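Undergrad: Here you go, one structure.
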Amino acid sequence: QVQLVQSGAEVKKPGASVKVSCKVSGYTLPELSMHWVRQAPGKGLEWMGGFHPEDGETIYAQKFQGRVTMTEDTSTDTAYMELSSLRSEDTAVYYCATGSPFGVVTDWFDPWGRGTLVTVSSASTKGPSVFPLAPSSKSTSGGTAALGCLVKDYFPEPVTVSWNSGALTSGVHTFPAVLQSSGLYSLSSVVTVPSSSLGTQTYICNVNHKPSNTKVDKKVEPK
Amino acid sequence: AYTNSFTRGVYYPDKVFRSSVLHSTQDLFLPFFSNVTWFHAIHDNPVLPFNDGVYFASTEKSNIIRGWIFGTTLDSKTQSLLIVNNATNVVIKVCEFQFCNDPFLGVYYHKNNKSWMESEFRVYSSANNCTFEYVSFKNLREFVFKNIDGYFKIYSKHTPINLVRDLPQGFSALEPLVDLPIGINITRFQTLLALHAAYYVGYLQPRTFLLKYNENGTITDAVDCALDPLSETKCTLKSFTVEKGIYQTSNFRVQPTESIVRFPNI
Amino acid sequence: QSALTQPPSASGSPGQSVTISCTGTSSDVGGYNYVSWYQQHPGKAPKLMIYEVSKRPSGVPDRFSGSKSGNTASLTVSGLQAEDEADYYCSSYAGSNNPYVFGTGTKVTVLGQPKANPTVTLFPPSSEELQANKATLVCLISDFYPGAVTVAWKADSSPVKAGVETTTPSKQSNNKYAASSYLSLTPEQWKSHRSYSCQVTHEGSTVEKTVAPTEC
Ligand SMILES: *[C@@H]1O[C@H](CO)[C@@H](O[C@@H]2O[C@H](CO)[C@@H](O)[C@H](O)[C@H]2NC(C)=O)[C@H](O)[C@H]1NC(C)=O
Ligand SMILES: *[C@@H]1O[C@H](CO)[C@@H](O)[C@H](O)[C@H]1NC(C)=O
Ligand SMILES: *[C@@H]1O[C@H](CO)[C@@H](O)[C@H](O)[C@H]1NC(C)=O
Ligand SMILES: *[C@@H]1O[C@H](CO)[C@@H](O)[C@H](O)[C@H]1NC(C)=O
Ligand SMILES: *[C@@H]1O[C@H](CO)[C@@H](O)[C@H](O)[C@H]1NC(C)=O
């Protein structure tokens with residue numbers, strides 16, 4: 001059967017433009033009723049365009065028409081959604097899909113290509129801003145301890161949570177690095193570490209701001 | 001799977017009109033009542049041998065069978081004949097093709113994005129040297145394929161049929177569709193189908209045939225002289241009627257078993 | 001065109017059967033409902049589910065089926081657990097050839113109700129963070145029903161609004177959801193205040209933990 005493949009994940013500014021390709025594999029592109037769909041992140045979906053099998057028309061949703069566009073390439077078997085002039089609600093996942101598939105033999109069902117999550121913000125990537133989670137004194141030697149790292153005023157996209165190299169695999173609490181008022185990210189995420197090591201040992205947090213070039217791994221400790 | 005060929009695969013041996021005459025000829029023919037091998041679209045087009053030549057047929061109405069492939073090794077390391085019969089025309093090509101796992105052709109999708117065969121799908125070719133090119137169940141489509149002195153030939157006969165199961169008993173004859181002086185060495189073959197049918201094969205042999213050309217220049221009866229002692233008598237008398245009698249056809253001669261070779265031991 | 005909408009969650013306890021519904025302006029134009037369903041698991045991509053309110057895709061474990069007609073459509077979920085825990089979007093597919101549109105979603109989950117005893121943890125700023133930019137006090141709540149939480153605050157016996165707040169989707173091995181907030185103040189305020197606290201306010205539940213700067 002055919003497989004649909006999104007262009008990873010992406011970030012472009014408001015008032016700038018984004019093009020998302022979808023590769024299709026096993027079999028070629030033109031045979032497929034390619035369609036594209038928005039999702040507000042973790043919320044409802046919304047349409048934006050697609051090839052009808054009537055006329056081959058790459059029609060668009062009126063709420064986005066002209067500003068959203070579609071195009072295609074057979075040489076790589078990529079469909080494309082191109083959305084110009086980005087706005088507040090365009091921090092969406094964009095999904096590739098098609099009611100077709102084929103296997104030389106003809107077929108008609110609607111599989112989906114996982115879709116590119118995108119961020120849109122006015123922010124930019126920044127140097128060091130990593131801190132350990134200094135405890136409350138009831139965590140220090142408690143029924144369970146808890147420990148980790150804190151982050152502020154940074155905007156790389158990716159980040160690593162686990163709070164030591166290989167020693168921790170339970171009691172973890174990750175969160176989606178939420179935006180500050182300035183549009184930079186912030187992060188706290190929490191691991192219930194062993195009650196012996198908190199106050200007596202130090203670990204490490206791999207909080208590397210990749211595109212800043214400032215790839216920092218920093219010590220995890222009470223102080 | 002097998003079935004009886006009956007009379008099938010009689011063809012006009014030379015491009016001469018004759019009429020009301022029992023012309024006798026030595027050529028490659030499908031022997032009378034010989035078994036054909038039979039095949040199906042249910043997951044069947046391996047590389048057959050071609051031997052001296054092939055009779056082929058299919059009973060059709062779907063028109064999913066759309067060509068044939070021939071050569072010694074069929075893998076671009078020699079020139080390989082491809083015949084196609086797409087839409088309305090016989091179409092012929094002889095390139096150094098490099099066919100896919102199956103002769104599955106490729107097939108016609110929804111027209112809204114344009115619909116065409118993709119030349120199989122995997123690779124299909126890896127060199128040119130296309131020394132020749134040309135362009136011209138309810139039905140049985142007979143064919144014959146032979147090569148002699150680099151003249152490859154196609155013959156055919158299209159007819160309606162009622163017997164879904166086998167090659168029909170009765171008679172019909174094949175005129176040449178094409179003769180091709182293309183000189184390629186053929187010892188193996190395959191058939192093309194589209195990918196989403198049944199076909200037949202049997203091998204020609206050098207045989208004497210006695211051919212009844214009718215009043216309309218048309219071959220309408222045949223004797224395969226080697227079939228049986230009666231058919232040897234029909235050809236001995238040049239006649240489809242043999243009266244009550246005794247007729248010398250031949251001389252039964254015990255074949256040499258092995259070659260016994262001796263010289264002085266020096 | 002065939003515009004459509006649906007209820008928020010339709011959730012139930014483990015092993016339950018539940019009914020997703022979608023409601024709108026008309027059928028898929030040109031006949032009976034071409035409406036089709038798409039199942040998105042927490043943190044993961046949509047699968048194709050029942051299509052044309054009747055047709056079943058590959059890999060469906062029989063526990064799913066279509067229902068209703070006209071300006072409405074429905075899908076059944078049965079035996080519900082992890083991975084059945086998903087958002088079932090409706091969408092319209094009229095003739096495959098008349099313009100499509102998408103529902104608000106219906107996120108089923110293994111129902112973590114009646115609502116649990118909260119798990120609390122709290123972290124003041126560190127000793128160098130008290131010197132750096134605009135530091136923060138941060139609080140975990142773990143094992144409580146999502147969106148019913150408020151991981152809220154009190155700074156030195158005065159009520160205060162959160163700086164930012166967050167949630168995380170369900171751990172599929174435990175069905176537990178969790179939440180956290182980060183409170184914002186100046187470094188002089190983090191040095192001066194020394195009893196700031198995660199006074200949380202959830203539906204039917206409230207708890208408080210207090211701390212000083214870098215309280216080891
Ligand atoms: C025509 O093809 C046949 C094989 O398809 C050739 O004969 C074979 O040649 C190979 C080496 O080239 C030998 O290993 C085989 O033992 C041969 N088989 C037989 C039955 O003799 C034949 O030489 C080719 N002739 C031409 C003119 O191409
Ligand atoms: C012809 O096929 C039948 C089975 O269909 C088999 O018994 C017979 O031996 C075959 N004869 C020849 C000459 O292949
Ligand atoms: C058959 O295929 C050939 C190319 O192989 C193409 O030129 C032609 O248009 C097709 N149709 C007919 C009727 O020959
Ligand atoms: C044609 O044949 C020669 C060998 O005779 C081969 O090396 C060459 O690659 C072929 N060329 C083309 C254009 O197919
Ligand atoms: C010869 O052909 C004519 C039609 O041209 C047909 O009527 C006639 O019956 C045929 N005769 C024979 C002996 O086949």
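Here's how to read the names in the structure tokens: chain A, B, ... by the order shown, residue numbers from 1 in each chain, ligand numbers from 1 in the order shown.
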Assign secondary structure with DSSP using the backbone only, and return the residues of region 5-223 of chain A in strand (DSSP E) as an MDAnalysis selection string.
TA: chainID A and resid 5:6 10:11 18:25 34:39 45:51 58:60 68:73 78:83 93:98 102:103 105:106 116:119 130:132 149:154 172:173 185:188 190:191 203:205 218:220
Undergrad: At a cut-off of 8 Å and counting only C-alpha atoms and all ligand atoms, what residues surround ligand 5? Please answer as an MDAnalysis selection string.
TA: chainID B and resid 214:216 218
Undergrad: Just the residues within 8 Å of residue 24 (chain A), please, counting only C-alpha atoms, with nothing from its chain fewer than 2 positions along; format it as a short mmCIF file (atom, residue, chain, number, x, y, z; two decimals) with C-alpha atoms, in the first residue's frame.
TA:
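Result file follows (out.cif):
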```cif
data_model
loop_
_atom_site.label_atom_id
_atom_site.label_comp_id
_atom_site.auth_asym_id
_atom_site.auth_seq_id
_atom_site.Cartn_x
_atom_site.Cartn_y
_atom_site.Cartn_z
CA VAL A 2 0.98 3.71 -0.47
CA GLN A 3 2.62 5.66 2.41
CA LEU A 4 2.34 9.47 2.93
CA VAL A 5 5.35 11.33 4.54
CA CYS A 22 4.37 15.55 1.47
CA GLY A 26 5.42 2.68 -2.77
CA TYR A 27 3.66 4.23 -5.82
CA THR A 28 3.53 7.59 -7.69
CA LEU A 29 1.74 10.85 -6.91
CA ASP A 77 6.43 12.22 -5.84
CA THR A 78 5.88 15.23 -3.52
CA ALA A 79 2.62 17.07 -3.03
#
```
Undergrad: Mind pulling up the distance from CA of residue 179 (chain C) to CA of residue 155 (chain C)?
TA: 19.7 Å
Undergrad: Using only C-alpha atoms and all ligand atoms, find each residue with an atom at most 9 Å away from ligand 2 and format the answer as a list in words.
TA: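 Written in the requested form, the residues are residues 1, 2, 3, 4, 33, 34, 35, 36 and 37 of chain B.
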Undergrad: Store the residues picked out above, limited to C-alpha atoms, as a PDB file, in the first residue's frame.
TA:
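See part_16.pdb below for the written result:
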```
ATOM      1  CA  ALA B   1      -2.651 -27.726 -16.272  1.00  0.00           C
ATOM      2  CA  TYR B   2      -3.255 -29.258 -19.779  1.00  0.00           C
ATOM      3  CA  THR B   3      -5.878 -29.718 -22.516  1.00  0.00           C
ATOM      4  CA  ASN B   4      -6.164 -31.215 -26.040  1.00  0.00           C
ATOM      5  CA  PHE B  33      -4.239 -33.549 -30.690  1.00  0.00           C
ATOM      6  CA  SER B  34      -1.036 -32.590 -28.763  1.00  0.00           C
ATOM      7  CA  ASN B  35      -1.415 -31.261 -25.184  1.00  0.00           C
ATOM      8  CA  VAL B  36      -1.268 -27.491 -24.695  1.00  0.00           C
ATOM      9  CA  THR B  37      -0.167 -26.135 -21.321  1.00  0.00           C
TER      10      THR B  37
END
```
Undergrad: Report as a PDB file with C-alpha atoms, in the first residue's frame all protein, DNA and RNA residues lying within 7 Å of residue 19 (chain A), evaluated on only C-alpha atoms, omitting residues in the same chain fewer than 5 positions from it.
TA:
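Output saved as out27.pdb:
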```pdb
ATOM      1  CA  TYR A  80       2.880  20.558  -1.459  1.00  0.00           C
ATOM      2  CA  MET A  81       0.758  22.876   0.658  1.00  0.00           C
ATOM      3  CA  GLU A  82       2.063  26.462   0.555  1.00  0.00           C
ATOM      4  CA  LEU A  83       0.569  28.929   3.043  1.00  0.00           C
TER       5      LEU A  83
END
```
Undergrad: Could I get the residues of chain A with an atom no further than 7 Å from an atom of chain C, each paired with its nearest atom pair and that distance in Å to one decimal, using only C-alpha atoms, sorted by chain and residue number, as a Markdown table?
TA:
```
| residue | atom | partner | partner_atom | distance |
| --- | --- | --- | --- | --- |
| A:44 | CA | C:104 | CA | 4.2 |
| A:45 | CA | C:102 | CA | 5.4 |
| A:46 | CA | C:102 | CA | 5.0 |
| A:47 | CA | C:101 | CA | 5.3 |
| A:52 | CA | C:97 | CA | 4.7 |
| A:53 | CA | C:97 | CA | 5.9 |
| A:54 | CA | C:97 | CA | 5.6 |
| A:110 | CA | C:48 | CA | 6.6 |
| A:111 | CA | C:48 | CA | 5.7 |
| A:112 | CA | C:46 | CA | 6.9 |
| A:114 | CA | C:45 | CA | 4.9 |
| A:131 | CA | C:129 | CA | 6.4 |
| A:132 | CA | C:126 | CA | 6.6 |
| A:133 | CA | C:123 | CA | 5.8 |
| A:134 | CA | C:126 | CA | 4.8 |
| A:135 | CA | C:123 | CA | 4.9 |
| A:136 | CA | C:215 | CA | 5.0 |
| A:137 | CA | C:216 | CA | 4.9 |
| A:140 | CA | C:216 | CA | 6.3 |
| A:174 | CA | C:168 | CA | 6.8 |
| A:175 | CA | C:168 | CA | 5.6 |
| A:188 | CA | C:138 | CA | 7.0 |
| A:222 | CA | C:216 | CA | 6.1 |
| A:223 | CA | C:126 | CA | 5.8 |
```
Undergrad: I want to know what sits within 8 Å of residue 161 (chain B), based on only C-alpha atoms, with residues of the same chain fewer than 6 positions away left out; could you give that as an NGL selection string?
TA: :B and (137-140 or 168)
Undergrad: For the selection you just gave me, I'd like the residues written to a file as an mmCIF file, in the first residue's frame, keeping N, CA and C atoms.
TA:
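Written out: selection_20.cif:
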```cif
data_model
loop_
_atom_site.group_PDB
_atom_site.id
_atom_site.type_symbol
_atom_site.label_atom_id
_atom_site.label_comp_id
_atom_site.auth_asym_id
_atom_site.auth_seq_id
_atom_site.Cartn_x
_atom_site.Cartn_y
_atom_site.Cartn_z
ATOM 1 N N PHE B 137 -15.748 -14.984 -21.241
ATOM 2 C CA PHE B 137 -15.030 -14.919 -22.506
ATOM 3 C C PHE B 137 -15.956 -15.085 -23.707
ATOM 4 N N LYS B 138 -15.676 -14.325 -24.764
ATOM 5 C CA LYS B 138 -16.453 -14.294 -26.013
ATOM 6 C C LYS B 138 -15.613 -14.615 -27.239
ATOM 7 N N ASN B 139 -14.310 -14.338 -27.206
ATOM 8 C CA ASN B 139 -13.414 -14.435 -28.353
ATOM 9 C C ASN B 139 -12.231 -15.345 -28.038
ATOM 10 N N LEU B 140 -11.789 -16.117 -29.023
ATOM 11 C CA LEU B 140 -10.525 -16.839 -29.033
ATOM 12 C C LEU B 140 -9.583 -16.145 -30.005
ATOM 13 N N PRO B 168 -11.351 -24.922 -28.757
ATOM 14 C CA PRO B 168 -12.522 -25.554 -29.334
ATOM 15 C C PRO B 168 -12.143 -26.544 -30.432
#
```
Undergrad: Counting only C-alpha atoms, which of A:100, A:122, A:71, A:212 gets nearest to chain B?
TA: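 Once distances to chain B are computed over only C-alpha atoms, the minimum belongs to A:100.
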